[PDB]
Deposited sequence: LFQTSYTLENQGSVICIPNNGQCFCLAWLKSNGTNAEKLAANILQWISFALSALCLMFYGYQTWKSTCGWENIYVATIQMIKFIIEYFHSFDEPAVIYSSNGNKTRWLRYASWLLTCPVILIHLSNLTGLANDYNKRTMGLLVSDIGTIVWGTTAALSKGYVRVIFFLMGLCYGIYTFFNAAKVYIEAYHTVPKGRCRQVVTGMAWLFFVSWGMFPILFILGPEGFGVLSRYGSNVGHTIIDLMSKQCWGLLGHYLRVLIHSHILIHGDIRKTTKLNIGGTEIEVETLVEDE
(Lines of atoms letter the chains of each structure in order from A and count residues from 1; the text may use other names and numbers.)
(Lines give C-alpha, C1' and ligand atoms only; values in the text may rest on other atoms or scores of the structure.)
Protein backbone atom coordinates (compact mmCIF):
# COMPACT_ATOMS: atom_id res chain seq x y z
CA UNK A 1 0.00 0.00 0.00
CA UNK A 2 1.38 3.36 1.16
CA UNK A 3 3.46 4.60 4.07
CA UNK A 4 1.54 4.67 7.36
CA UNK A 5 4.43 4.84 9.86
CA UNK A 6 6.42 8.07 10.18
CA UNK A 7 8.36 10.20 12.66
CA UNK A 8 7.99 13.93 13.27
CA UNK A 9 11.22 15.91 13.58
CA UNK A 10 12.42 19.49 14.12
CA UNK A 11 9.45 20.45 16.31
CA UNK A 12 6.78 19.25 13.89
CA UNK A 13 8.23 20.86 10.76
CA UNK A 14 9.90 17.79 9.20
CA UNK A 15 8.44 14.35 8.43
CA UNK A 16 10.83 11.41 8.02
CA UNK A 17 9.69 8.15 6.41
CA UNK A 18 11.49 4.90 5.60
CA UNK A 19 13.13 4.75 2.18
CA UNK A 20 11.19 1.59 1.33
CA UNK A 21 9.89 2.88 -2.02
CA UNK A 22 6.34 3.46 -0.77
CA UNK A 23 4.38 6.69 -1.14
CA UNK A 24 3.44 8.86 1.82
CA UNK A 25 0.73 11.45 2.49
CA UNK A 26 -0.88 12.54 5.75
CA UNK A 27 -4.25 13.11 4.05
CA UNK A 28 -4.50 9.41 3.16
CA UNK A 29 -4.31 8.52 6.88
CA UNK A 30 -7.55 10.27 7.84
CA UNK A 31 -10.37 8.10 9.15
CA UNK A 32 -12.97 6.68 6.79
CA UNK A 33 -15.64 6.73 9.50
CA UNK A 34 -16.83 5.05 12.67
CA UNK A 35 -16.87 1.32 13.35
CA UNK A 36 -20.68 1.39 13.47
CA UNK A 37 -20.77 2.91 9.98
CA UNK A 38 -18.26 0.29 8.82
CA UNK A 39 -20.37 -2.61 10.07
CA UNK A 40 -23.51 -0.92 8.74
CA UNK A 41 -21.87 -0.74 5.31
CA UNK A 42 -20.76 -4.38 5.50
CA UNK A 43 -24.31 -5.45 6.36
CA UNK A 44 -25.86 -3.74 3.34
CA UNK A 45 -23.12 -5.23 1.14
CA UNK A 46 -24.39 -8.75 1.82
CA UNK A 47 -28.03 -7.66 1.52
CA UNK A 48 -27.33 -6.22 -1.92
CA UNK A 49 -25.21 -9.26 -2.77
CA UNK A 50 -27.89 -11.75 -1.69
CA UNK A 51 -30.46 -9.83 -3.73
CA UNK A 52 -28.19 -9.79 -6.78
CA UNK A 53 -27.58 -13.51 -6.22
CA UNK A 54 -31.29 -14.25 -5.84
CA UNK A 55 -31.91 -12.08 -8.92
CA UNK A 56 -29.48 -14.02 -11.11
CA UNK A 57 -31.10 -17.23 -9.86
CA UNK A 58 -34.56 -15.79 -10.59
CA UNK A 59 -33.64 -14.25 -13.96
CA UNK A 60 -32.23 -17.58 -15.13
CA UNK A 61 -35.69 -19.18 -15.06
CA UNK A 62 -37.65 -11.55 -25.52
CA UNK A 63 -34.38 -11.80 -23.60
CA UNK A 64 -33.91 -9.50 -20.62
CA UNK A 65 -30.17 -9.24 -21.25
CA UNK A 66 -30.10 -5.82 -19.56
CA UNK A 67 -31.01 -7.20 -16.13
CA UNK A 68 -28.51 -10.06 -16.51
CA UNK A 69 -25.63 -7.70 -17.28
CA UNK A 70 -25.95 -5.28 -14.36
CA UNK A 71 -26.59 -8.18 -11.98
CA UNK A 72 -23.45 -9.95 -13.20
CA UNK A 73 -21.49 -6.72 -12.74
CA UNK A 74 -23.10 -6.13 -9.34
CA UNK A 75 -22.06 -9.42 -7.76
CA UNK A 76 -18.66 -9.31 -9.47
CA UNK A 77 -18.29 -5.87 -7.89
CA UNK A 78 -19.15 -7.33 -4.47
CA UNK A 79 -16.40 -9.92 -4.89
CA UNK A 80 -13.98 -7.06 -5.60
CA UNK A 81 -15.50 -4.99 -2.79
CA UNK A 82 -15.33 -7.80 -0.21
CA UNK A 83 -11.55 -8.23 -0.49
CA UNK A 84 -10.21 -4.78 -1.51
CA UNK A 85 -12.88 -2.31 -0.38
CA UNK A 86 -10.18 0.34 0.20
CA UNK A 87 -7.11 -0.82 -1.76
CA UNK A 88 -5.58 0.66 -4.89
CA UNK A 89 -7.14 1.26 -7.33
CA UNK A 90 -10.55 0.40 -5.88
CA UNK A 91 -9.92 3.60 -3.91
CA UNK A 92 -7.60 6.04 -5.69
CA UNK A 93 -5.28 7.83 -3.25
CA UNK A 94 -4.14 10.62 -5.55
CA UNK A 95 -1.24 13.02 -5.04
CA UNK A 96 -3.53 15.94 -4.07
CA UNK A 97 -4.67 14.12 -0.91
CA UNK A 98 -7.97 12.99 -2.44
CA UNK A 99 -9.62 9.61 -1.94
CA UNK A 100 -11.77 8.75 -4.96
CA UNK A 101 -13.86 5.57 -5.10
CA UNK A 102 -13.13 4.41 -8.64
CA UNK A 103 -14.88 1.12 -7.83
CA UNK A 104 -18.13 3.08 -7.59
CA UNK A 105 -17.70 5.18 -10.73
CA UNK A 106 -16.44 2.25 -12.80
CA UNK A 107 -19.56 0.28 -11.86
CA UNK A 108 -21.62 3.32 -12.89
CA UNK A 109 -19.89 3.34 -16.27
CA UNK A 110 -20.72 -0.36 -16.59
CA UNK A 111 -24.36 -0.36 -15.42
CA UNK A 112 -25.93 3.09 -15.81
CA UNK A 113 -26.00 3.13 -19.66
CA UNK A 114 -27.39 -0.42 -19.63
CA UNK A 115 -30.30 0.73 -17.46
CA UNK A 116 -31.03 3.61 -19.85
CA UNK A 117 -31.00 1.09 -22.70
CA UNK A 118 -33.63 -0.85 -20.73
CA UNK A 119 -35.53 2.42 -20.27
CA UNK A 120 -35.29 3.02 -24.02
CA UNK A 121 -37.13 -0.29 -24.54
CA UNK A 122 -39.45 -0.76 -21.56
CA UNK A 123 -41.92 -2.93 -23.48
CA UNK A 124 -39.03 -5.02 -24.81
CA UNK A 125 -40.83 -5.42 -28.16
CA UNK A 126 -37.90 -6.04 -30.51
CA UNK A 127 -36.21 -3.06 -32.19
CA UNK A 128 -38.13 -0.17 -30.66
CA UNK A 129 -35.92 2.56 -29.18
CA UNK A 130 -35.63 6.05 -30.70
CA UNK A 131 -33.04 8.62 -31.74
CA UNK A 132 -33.12 10.21 -28.27
CA UNK A 133 -31.71 6.94 -26.91
CA UNK A 134 -28.26 7.98 -28.13
CA UNK A 135 -28.87 11.31 -26.40
CA UNK A 136 -29.70 9.55 -23.14
CA UNK A 137 -26.45 7.57 -23.37
CA UNK A 138 -24.03 10.30 -24.49
CA UNK A 139 -25.28 12.56 -21.69
CA UNK A 140 -25.16 9.95 -18.92
CA UNK A 141 -21.60 8.86 -19.72
CA UNK A 142 -20.52 12.49 -19.59
CA UNK A 143 -22.34 12.85 -16.27
CA UNK A 144 -20.19 10.12 -14.73
CA UNK A 145 -17.06 11.42 -16.48
CA UNK A 146 -17.46 14.92 -15.06
CA UNK A 147 -18.48 13.53 -11.67
CA UNK A 148 -15.41 11.31 -11.53
CA UNK A 149 -13.25 14.22 -12.68
CA UNK A 150 -14.84 16.42 -10.01
CA UNK A 151 -14.29 13.80 -7.30
CA UNK A 152 -10.63 13.59 -8.37
CA UNK A 153 -10.17 17.38 -8.44
CA UNK A 154 -10.26 19.93 -5.61
CA UNK A 155 -11.43 23.50 -5.14
CA UNK A 156 -12.81 25.41 -8.10
CA UNK A 157 -11.83 22.71 -10.62
CA UNK A 158 -14.08 20.28 -8.75
CA UNK A 159 -16.97 22.76 -8.84
CA UNK A 160 -16.56 23.32 -12.59
CA UNK A 161 -16.69 19.61 -13.42
CA UNK A 162 -19.52 19.08 -10.92
CA UNK A 163 -21.62 21.72 -12.68
CA UNK A 164 -20.69 20.19 -16.04
CA UNK A 165 -21.90 16.83 -14.75
CA UNK A 166 -25.00 18.54 -13.38
CA UNK A 167 -25.91 19.98 -16.78
CA UNK A 168 -25.39 16.55 -18.36
CA UNK A 169 -27.59 15.16 -15.58
CA UNK A 170 -30.33 17.68 -16.34
CA UNK A 171 -30.29 16.69 -20.01
CA UNK A 172 -30.47 13.04 -18.94
CA UNK A 173 -33.53 13.46 -16.69
CA UNK A 174 -35.60 15.48 -19.18
CA UNK A 175 -35.03 13.01 -22.00
CA UNK A 176 -35.73 10.17 -19.56
CA UNK A 177 -39.01 11.78 -18.45
CA UNK A 178 -40.26 11.94 -22.04
CA UNK A 179 -39.42 8.24 -22.36
CA UNK A 180 -41.45 7.40 -19.25
CA UNK A 181 -44.33 9.57 -20.49
CA UNK A 182 -44.53 7.84 -23.87
CA UNK A 183 -44.19 4.44 -22.20
CA UNK A 184 -47.11 5.21 -19.88
CA UNK A 185 -49.45 5.86 -22.83
CA UNK A 186 -48.10 2.87 -24.80
CA UNK A 187 -48.49 0.06 -22.24
CA UNK A 188 -52.03 -1.31 -21.65
CA UNK A 189 -54.45 0.40 -19.30
CA UNK A 190 -54.23 -2.29 -16.59
CA UNK A 191 -51.47 -3.00 -14.07
CA UNK A 192 -48.77 -2.22 -16.66
CA UNK A 193 -49.30 1.53 -16.24
CA UNK A 194 -48.90 1.02 -12.48
CA UNK A 195 -45.36 -0.39 -12.59
CA UNK A 196 -44.37 2.11 -15.30
CA UNK A 197 -45.24 4.88 -12.85
CA UNK A 198 -43.46 2.96 -10.09
CA UNK A 199 -40.31 2.53 -12.17
CA UNK A 200 -40.29 6.28 -12.79
CA UNK A 201 -40.49 7.04 -9.06
CA UNK A 202 -37.62 4.67 -8.25
CA UNK A 203 -35.66 6.19 -11.14
CA UNK A 204 -35.72 9.93 -10.41
CA UNK A 205 -35.60 9.47 -6.62
CA UNK A 206 -32.57 7.15 -6.63
CA UNK A 207 -30.86 8.93 -9.53
CA UNK A 208 -31.59 12.23 -7.79
CA UNK A 209 -29.85 11.13 -4.58
CA UNK A 210 -26.48 10.57 -6.29
CA UNK A 211 -25.79 14.31 -6.76
CA UNK A 212 -27.15 14.75 -3.22
CA UNK A 213 -24.68 12.24 -1.76
CA UNK A 214 -21.88 13.83 -3.78
CA UNK A 215 -22.40 17.10 -1.89
CA UNK A 216 -22.79 15.55 1.58
CA UNK A 217 -19.76 13.26 1.33
CA UNK A 218 -16.00 13.77 1.37
CA UNK A 219 -16.15 14.99 -2.23
CA UNK A 220 -18.29 17.88 -0.97
CA UNK A 221 -18.78 19.44 2.47
CA UNK A 222 -18.01 16.32 4.50
CA UNK A 223 -21.25 15.91 6.43
CA UNK A 224 -20.93 12.17 5.71
CA UNK A 225 -17.93 9.96 6.36
CA UNK A 226 -16.46 7.66 3.72
CA UNK A 227 -18.18 4.72 5.42
CA UNK A 228 -21.31 6.86 5.69
CA UNK A 229 -21.19 7.65 1.97
CA UNK A 230 -20.87 3.96 1.11
CA UNK A 231 -24.05 3.17 3.07
CA UNK A 232 -26.17 5.73 1.23
CA UNK A 233 -24.78 4.72 -2.16
CA UNK A 234 -25.61 1.07 -1.44
CA UNK A 235 -29.22 1.96 -0.57
CA UNK A 236 -29.85 3.87 -3.80
CA UNK A 237 -27.87 1.30 -5.79
CA UNK A 238 -30.24 -1.34 -4.39
CA UNK A 239 -33.15 0.80 -5.62
CA UNK A 240 -31.83 2.00 -8.99
CA UNK A 241 -30.48 -1.39 -10.16
CA UNK A 242 -31.86 -4.45 -8.36
CA UNK A 243 -35.37 -3.11 -7.72
CA UNK A 244 -35.62 -1.18 -10.99
CA UNK A 245 -34.64 -4.29 -12.96
CA UNK A 246 -37.16 -6.40 -11.04
CA UNK A 247 -39.98 -4.04 -12.02
CA UNK A 248 -38.74 -3.80 -15.60
CA UNK A 249 -38.76 -7.59 -15.70
CA UNK A 250 -42.26 -7.64 -14.21
CA UNK A 251 -43.42 -5.11 -16.81
CA UNK A 252 -42.04 -7.10 -19.75
CA UNK A 253 -43.75 -10.21 -18.38
CA UNK A 254 -47.12 -8.43 -18.24
CA UNK A 255 -46.53 -7.15 -21.78
CA UNK A 256 -45.73 -10.60 -23.19
CA UNK A 257 -48.87 -12.17 -21.72
CA UNK A 258 -50.95 -9.30 -23.11
CA UNK A 259 -49.46 -9.85 -26.58
CA UNK A 260 -50.18 -13.59 -26.43
CA UNK A 261 -53.74 -13.36 -25.07
CA UNK A 262 -55.07 -10.32 -26.95
CA UNK A 263 -52.51 -10.10 -29.76
CA UNK A 264 -50.54 -7.03 -30.77
CA UNK A 265 -53.26 -4.40 -31.31
CA UNK A 266 -52.41 -0.72 -31.73
CA UNK A 267 -54.66 2.34 -31.32
CA UNK A 268 -52.98 5.63 -32.20
CA UNK A 269 -53.29 8.27 -29.47
CA UNK A 270 -52.12 11.88 -29.71
CA UNK A 271 -49.79 13.49 -27.17
CA UNK A 272 -46.22 12.99 -30.53
CA UNK A 273 -48.36 9.98 -31.47
CA UNK A 274 -48.18 6.63 -29.66
CA UNK A 275 -49.37 3.17 -30.71
CA UNK A 276 -51.16 1.97 -27.57
CA UNK A 277 -51.64 -1.71 -26.76
CA UNK A 278 -55.34 -2.60 -26.55
CA UNK A 279 -57.35 -5.76 -25.93
CA UNK A 280 -59.99 -5.78 -28.69
CA UNK A 281 -59.82 -4.75 -32.34
| property | result |
| --- | --- |
| Stretches with no C-alpha position, numbering per deposited sequence from 1 | 62-66, 277-282 |
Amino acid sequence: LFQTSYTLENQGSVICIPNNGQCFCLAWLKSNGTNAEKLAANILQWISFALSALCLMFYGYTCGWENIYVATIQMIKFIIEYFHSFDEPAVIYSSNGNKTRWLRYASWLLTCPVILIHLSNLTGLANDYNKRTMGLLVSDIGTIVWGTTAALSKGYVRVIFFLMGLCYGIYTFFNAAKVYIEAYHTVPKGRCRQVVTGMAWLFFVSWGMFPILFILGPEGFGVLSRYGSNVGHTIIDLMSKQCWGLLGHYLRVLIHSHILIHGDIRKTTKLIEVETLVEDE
From here on, numbers count along this sequence of modelled residues.
| query | finding |
| --- | --- |
| 43-51 or 64-72, whichever carries the higher mean Cα B-factor | 43-51 |
| Per the entry, higher mean C-alpha B factor between 96-104 and 119-127 | 119-127 |
| Maximum C-alpha temperature factor, selected from 28, 250, 221, 244 | 221 |
| Residue selected from 239, 36, 213, 255 by maximal Cα B factor | 36 |
| CA B-factor ranking of residue 188, expressed as a third of its chain | highest |
| Ranked against its chain, the third holding the CA B-factor of residue 22 | middle |
| Lowest, middle or highest third - CA B-factor, residue 179 | lowest |
| For residue 87, the third of its chain into which the C-alpha B factor falls | middle |
| Chain-relative CA temperature factor third for residue 158 | lowest |
